[PDB]
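These notes are about the structure you will find just below.
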Protein chains: 6
Amino acid sequence: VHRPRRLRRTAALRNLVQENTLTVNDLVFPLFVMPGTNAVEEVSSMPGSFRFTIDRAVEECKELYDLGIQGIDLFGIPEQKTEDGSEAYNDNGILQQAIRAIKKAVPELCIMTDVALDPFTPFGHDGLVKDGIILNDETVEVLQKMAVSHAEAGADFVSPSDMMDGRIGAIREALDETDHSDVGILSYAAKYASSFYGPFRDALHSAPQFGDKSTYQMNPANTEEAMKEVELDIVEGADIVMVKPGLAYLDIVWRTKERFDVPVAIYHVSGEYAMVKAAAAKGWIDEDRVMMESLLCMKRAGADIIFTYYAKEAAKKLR
Amino acid sequence: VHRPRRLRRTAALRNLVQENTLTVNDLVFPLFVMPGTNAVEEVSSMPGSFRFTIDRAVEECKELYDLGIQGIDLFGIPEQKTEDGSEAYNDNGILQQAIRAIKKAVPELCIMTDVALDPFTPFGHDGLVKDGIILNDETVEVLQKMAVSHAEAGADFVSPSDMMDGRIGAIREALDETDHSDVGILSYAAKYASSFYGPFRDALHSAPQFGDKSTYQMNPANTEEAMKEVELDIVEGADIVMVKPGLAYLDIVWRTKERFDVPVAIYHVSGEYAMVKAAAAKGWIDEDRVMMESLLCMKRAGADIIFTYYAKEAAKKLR
Amino acid sequence: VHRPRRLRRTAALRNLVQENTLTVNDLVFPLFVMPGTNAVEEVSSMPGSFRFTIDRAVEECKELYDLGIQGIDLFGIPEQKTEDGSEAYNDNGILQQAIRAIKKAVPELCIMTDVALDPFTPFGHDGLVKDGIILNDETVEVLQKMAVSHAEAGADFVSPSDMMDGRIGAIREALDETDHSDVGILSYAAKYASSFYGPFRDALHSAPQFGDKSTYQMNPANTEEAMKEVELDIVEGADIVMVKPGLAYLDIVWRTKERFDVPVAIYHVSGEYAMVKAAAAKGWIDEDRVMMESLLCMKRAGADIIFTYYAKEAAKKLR
Amino acid sequence: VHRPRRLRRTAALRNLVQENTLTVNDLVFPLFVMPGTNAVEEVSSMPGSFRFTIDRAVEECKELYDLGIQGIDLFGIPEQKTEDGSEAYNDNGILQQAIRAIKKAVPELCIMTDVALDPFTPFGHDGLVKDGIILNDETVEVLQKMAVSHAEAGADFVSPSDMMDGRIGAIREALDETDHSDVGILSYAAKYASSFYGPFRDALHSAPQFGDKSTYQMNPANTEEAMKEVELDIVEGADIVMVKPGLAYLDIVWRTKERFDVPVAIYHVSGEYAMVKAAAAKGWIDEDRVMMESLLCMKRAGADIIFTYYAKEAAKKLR
Amino acid sequence: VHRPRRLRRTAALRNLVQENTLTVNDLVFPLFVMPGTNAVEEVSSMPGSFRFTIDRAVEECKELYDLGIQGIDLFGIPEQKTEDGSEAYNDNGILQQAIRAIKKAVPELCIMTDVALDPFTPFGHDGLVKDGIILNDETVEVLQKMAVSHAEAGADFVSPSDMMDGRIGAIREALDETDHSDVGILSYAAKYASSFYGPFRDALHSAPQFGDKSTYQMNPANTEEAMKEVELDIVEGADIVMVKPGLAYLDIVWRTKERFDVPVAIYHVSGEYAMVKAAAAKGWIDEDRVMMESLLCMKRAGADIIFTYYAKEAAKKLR
Amino acid sequence: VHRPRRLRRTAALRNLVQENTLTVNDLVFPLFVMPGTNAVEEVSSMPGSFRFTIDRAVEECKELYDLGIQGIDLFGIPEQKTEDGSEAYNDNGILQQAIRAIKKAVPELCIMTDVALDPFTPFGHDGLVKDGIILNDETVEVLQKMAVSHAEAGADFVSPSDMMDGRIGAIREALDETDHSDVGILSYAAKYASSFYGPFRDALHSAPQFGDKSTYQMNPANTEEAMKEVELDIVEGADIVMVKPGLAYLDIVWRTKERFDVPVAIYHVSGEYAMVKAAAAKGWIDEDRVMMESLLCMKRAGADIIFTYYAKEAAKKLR
Ligand SMILES: [Mg+2]
Ligand SMILES: [Mg+2]
Ligand SMILES: [Mg+2]
Ligand SMILES: [Mg+2]
Ligand SMILES: [Mg+2]
Ligand SMILES: [Mg+2]
């Protein structure tokens, strides 16, 4: 009676019944900005990735928007790192600047700024360290200061990736109090402590990791906890919720989709990306086929948005 | 705390989180075929809709596929009508000849053929009429022959729209018995007796409708019964299932998609088509906007394939 | 074993098993009031629709109630439009007046008043515009002022159709503070930005649309968002929740029914209405069959109340 | 109030509430067998992965079981290839001889045998090719013989990876017909057409792939179809069901486990394996960490058995 | 078609498909401390159980941690009992002391302290008694005082087993106010009034029971109530929720697992433990087989943590 | 706001809302029958449990029914054991003779007979042993004969406890084939391989257990498999389904009752019985309290019928 192959006999039928499709509007492009003028830097562990100066960031975004890309995620590489990470909320920082410069040249691009104290502190953690402890409530306080500054600079969205407890609520409360109740918040709800963040550390020249971040980042073994985390975030006001990493966490994505009916974002981390790059370089796989497909999978798992370093290459492929 | 508008502030943002999009691969074009050579007649009640001769129809398909449209729904309009409606399964019928020519000229186009005795009988009914009674099992025996015949000519798919009991099963058996287990079946699982069918009858030269098809077509007040019908056909072997009509039956489509894990199809019926045509002709509505939008709504509801007379105008727009 | 047609063999059985029925109590009649005396105006894009003077509004309602209709929805057409739309909360406005006049003559009719700043502002939006921005929190403030005035005038219900964030809560808070905790609130929970609102603009002589309302009105592609919207509204205190438009959004209606167990309303917008009018005028469909049936569909989708310009014609048909 | 971090403050706490752990009893080791005596060849695209002769393979198994690994997946690589692929069911085939020797040397090791015509045919396909068509029912008839043959040699389990329609059923019948109702069946229920299979083909000396297996292998965009496929096989008699590939299809695995109450299996495909190999060789990722972690993710998703080329390196690590 | 035994034919397969496993990290070891130096006491009704002096408690924990055990549960046996049970929050009590001494010697062990006024009051109840009434809100007040002291002493977690209403919220509020918002709370959510607590009374030399505790402890007949209880606790801030007793309450454990997605703990009470001890002493059962298995059952029911007096013997068995 | 204790303040209140109660109609009494006349032997490992001769057994039943107990589970203990275990279906077997005498003396007592080859074979197994293999289909053929034989003697019910594949089906067919469609079937759907069975073996003079029954009895770590097993038997025709053992498998019982809408039965196994016996004999536990309570827990979990050796002591207590 049943012969599933009937729906595969031809590309037409296959084309007709396909449950999911990937589109440019599903892509968000991370951007690493640095101090200086007229300069871009190839990232060693991330072939194809780059550190941009602001003036070069603007140049890129201009190409981005023209290719279809709808938003990016700004990472700020400060010249100096401190223990109190106060540079985060300096309105004259590279990040704030880039925010300003970009919003002006390509105003129709959704700028999303990264919120975390890793690139600004000398211990490799996303929060303030005291006596070996990543201080929770104290870190949010800076995170708040930080976020408000991004808004002041013209940030469209903020994306706290800190995994500190109850930071989405505090941050949202601050944005409201400074007339920024319209700036969205994309929160890293289910960010796990993963061995996939390798190539990224070197990308922004972040201080030595110095002890895992497993005191706030999630245990990769855990699922139920992801539901606990997301829910708390939505209740706090998160406009969108994200899972990180992505490729090997598609079950966490599907689950968030089925339960919360809020937009769901996912991160194609440096490792999954750098991994396909290295295998292709040896001729063991197809860069194009593998990259795109793995994006399809993220779409089939329920993701709506996808932070991917392949974002620009995928937009040309869909052009 | 919450502010849904935050996801609407900007085209970018709006483009990123949009839950559904419409694509060319969602569209199936109804093609009306008539006897004769090199000719075309617009349908009075369906502006921009025409009947084609085989020659003209083959060329049209060429333009169809070129635009990306993946499939067509072949509708036959025999020269003579009979009470036993035997022409339906004639190897030289105008329909059959269309199947043969099309598959040859445009092999890559998935050809779905309509299966029903409506255009082949004088009573304007989808089945055989005895004494004011539209016979079920008798009618099905003529449908089988029809389906095989269509398969014998090169059909890729048949779409029984009769609403006879146990017709999907019988047909699936006949098709397999004649070495056509590769030929799928698209079942009008839930076809209601609607007043949304007006303009269509003239399209094919209908016949003394005589009474009404409410003894086999479903009452538009019922939803549960639609779940019974579909489950019955899926159990029978239907590869795909369709709801008819479409615009005003999106709740049935959402229910279908939500429960049966099989491809779901909807029908942008003639009455829906003409209605935009008319309103637009008065300047009360924007034809292109309402048409495309109404297609979107069908995607939002859970439809994978859309049988629409606007198929060609959408493929361009989607181009 | 199974033969679904057994339940369709006769009108008796069909009559017995029918899942849903439409009744007069499912209908609500919109009423467009204007300044002046003894005068009614045919609406160009809405054949059968009219602008009534108060004295003629009262005359109509008297006929309405006698035909069975249980409530109407008052729209107020001011003589002058301002940027601050302060006329909305003028207790001497046409709307308030009509409220008073009607409540007196036909006190047993549930008056529902429209809350929005579109007919009162010169930019064609339902809220206050500043620098191209439809101001959210500022608009509610007027909406509150407005609502309280409707209550003071004797309004039974208020129906904010503004789609501003968190207006149901604010409005409800105001009604309570002014001894109007008994006045209900029918909120347009899931109001989409649609191409179906065509003929309505001209109806009330509303200022040129001047840019879509997609910054607050919902993306027609979205469903999950509709659940997010409704829930927020119910939590805020909405007595009833409505979806708009209706005909092509029946999946949004069914979904709200199954999830929230609060009364569910729907809108038969000008487009769906004007659409059946134009098609019938060409003889392409049956005005009666199409109008009523599409109302049946709304009932089968789960709607309890139905704002329809056919309300009066449907009540005669059910008389 | 809430503070998820409270469960992360300490290794103890973290160890207590961890939802999932990975064990040696989750692992199944793919073994590639080739003709000849005392020899071994590493796979170019799969570092640390080798082909074995029967003698070398028996010894390897000894080391396997000693490490706790409970099962193996025997892969055959015949000397000569044919179009009817008859060698597949030859009692003296290199595969069969491996089954016989292994069960004798290490009886306590559960031997699962691969069932597909890929290594036995020149077209590099899993079924019989007629005229560019991969035959289903014909191919299945050769699979049955294959399965019985394997059972006749002492196989404990067969794992049809062909993706032919109704193959589990046919095989289960053949096996029972020859007194092998004790021989289970591990079905590749949902095997997609992925670009994650690159390195594997060379492992066995693949053949003119010619076209693509997207007429029987599933489209990576679909999830619903995966539920259809599995349910079909469980209904057929499959003792266990597998998803392929693995890392990027964890949503399919969670869905499977969540709905079918039968043992679920996943595949750490070659492309996934090599990808860590490559990245690690560059020093971008920690090979041991990513490998083990990715295995964990598969446990978190709902996988019970893992076919992984890292099986031996995990058993040690888990030791 | 189906033969479940296929998955049991061998230990390998059995080993592969096993749904659940018990691990050291699933075990928590209760510890009874008493005043004095260099001394341990065999518990009469709990063969293998002991009362430890602090210096001997430290000695045990040192062995515990080395065997794998990740946390213990401290019970404090005061020399004097009062009616106001003020000794509970004496920072110089045996309990506080033991807390201090243990944290120092084996700092990497998760200390969990018991919160209740039974060992500190002369009426055998877990709260303050007035006129035959176990005072609810007054008892929490002490419970708060108590908890804060445990935190001050260095307690990792507190485990209120009092079954007083709304004590998890109050206690959590106190810990926060005294800079202990990082100390977790394992609450006895569903603690029933059971005949299984026999041997435990004598263990800590608790005052005569003097009337059941059925005025706060749960009716063993009740299930729905357990859902009511847990939910209230989670909403109050409980990090983990526990059911007590365990062996004959596995349905209450499974239910809490499926509903709340918070970590779930269970208690192997003195009775279930002392029961297996007595039956084995007569040669009527296997101490080892019965003890371990019943722990497996608790794991299969959904428990994550298990307070068991066999904890040390089970850790050797898993070593 | 909330205070669950409000429902515990008083015996009245507690008695009113109690979710479950235990009744005499929940109890089924296992009866062990042996050859000979007028004699009785207490079981060493089951104090208060005895074996009866037919005469003594008939009288016991008289006392049973008088106390309200509605049913019994007849256990046979043949004089001689054989490898083909043919005595099982001997019309003059000690079991059969018991059936005949009982039904005559106490017709109103529902007689359920045990169906398994354990007491009838020397290998102490429930099926036929060939070469260290417990044969399934062969064993079932002997079970059928057994069941019919029992029905032929006047049995009201048979309770296959063998855990053979497809035995319920075969037996149900045999029973119907011999005009016994009125004879129900109580299936040990989910009987685990537990160490809770110690005392029972001696009760019947077990035999060289030789190995273990883990090739047909279920692994105590699994729950999903229990759902597979039950559904399989219900599909086969089992009137009722049982879980074994009981106390420590209440999660399986709740799951059963929750999903299958068929009567559910549990088994207070020997190891559970003796365990209270022993602890009570030491004065560590109150035997009457723990016994009755543990029965309650079984009612709370969803059990309708309880096979317990405490049946008679409960009927009195419940009297
Ligand atoms: Mg969080
Ligand atoms: Mg039907
Ligand atoms: Mg809203
Ligand atoms: Mg399949
Ligand atoms: Mg409580
Ligand atoms: Mg079974």
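Side chains included, hydrogens not; waters and symmetry mates left out as well; all remaining heavy atoms used. When a ligand or atom number is given, it counts from 1 through the structure's own listing order. Chain naming here is simple, since letters A, B, ... match the order of the sequence lines and numbering starts at 1 in each.
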- Query: Can you list the steps and then say if B:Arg172 with B:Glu236 is a side-chain contact (heavy atoms from CB on, under 4.5 Å)?
  - Reply: CA-CA 8 Å; B:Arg172 151 69 25 219; B:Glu236 249 162 271; over 6 Å; no
- Taking the side chain as C-beta and beyond, is there a heavy-atom pair between D:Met164 and A:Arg5 under 4.5 Å? yes
- Query: When you measure from the centre of the six-membered ring of D:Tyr267, is the NZ or CZ of D:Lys191 under 6.0 Å away and within 45° of the axis?
  - Reply: no
- Query: Can you tell if the side chain of C:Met146 reaches within under 4.5 Å of the side chain of C:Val158, non-hydrogen atoms only?
  - Reply: no
- Task: Would you please say whether a donor-acceptor pair under 3.5 Å links the side chains of E:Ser181 and D:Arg3?
- Result: no
- Query: Does NZ or CZ of A:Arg300 come closer than 6.0 Å to the centre of the six-membered ring of D:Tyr249, within 45° of the ring's axis?
  - Reply: yes
- What is the number of protein N/O/S atoms located under 2.8 Å from the Mg ion (ligand 3)? 1
